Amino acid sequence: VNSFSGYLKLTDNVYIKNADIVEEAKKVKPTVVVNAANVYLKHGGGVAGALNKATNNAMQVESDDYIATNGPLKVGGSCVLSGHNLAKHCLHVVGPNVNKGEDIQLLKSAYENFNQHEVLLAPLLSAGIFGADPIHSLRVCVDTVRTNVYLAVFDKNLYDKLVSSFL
């Protein structure tokens, strides 16, 4: 039993809710919140910008030190950093950004990072300003992630479309 509330169950291990991931993280304080990161961990907009703003820029400060030490992530890769006031840990995962021409096949590699964590609160990778089709992202999620994932979808209209079209 866990504290996630109001989720629709899609499969054995995948759950979904129309929610602001920032507000959901603040309320649940999950072990892991996933950030929709880029390779430079520059959290300017979308989910990343919102998560970073909620940490009062502490996420960005920590991220800048990470990059200065380790260099950029790979598209499809991830790193574990602090969850600050939102979660124990933040798993920064880089999905391909279609608006930069990155290969959508890398979306499966991106979701594989979730399997290293038993339970996660996450957005749909490569959705929103990353330019992929969220219906496709949900399908890859369900077909790749085997651990327990609680997906937060900000847009109510999109949430209803994702549920209604789910096979």
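Position 1 is the first residue in the sequence shown; the rest follow in order.
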Going by the entry, of stretches 102 to 110 and 120 to 128 the one with greater average Cα B-factor is 102 to 110
Higher of the two mean Cα B-factors (26 to 34, 53 to 61; per PDB record) comes from 26 to 34
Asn18: CA B-factor among chain residues, third -> highest
Of the three thirds of Cα B-factor ranks in this chain, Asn157 occupies the highest
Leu41: C-alpha B-factor third of its chain, per the entry, is the lowest
By the entry's values, the third containing the CA B factor of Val47 is the lowest
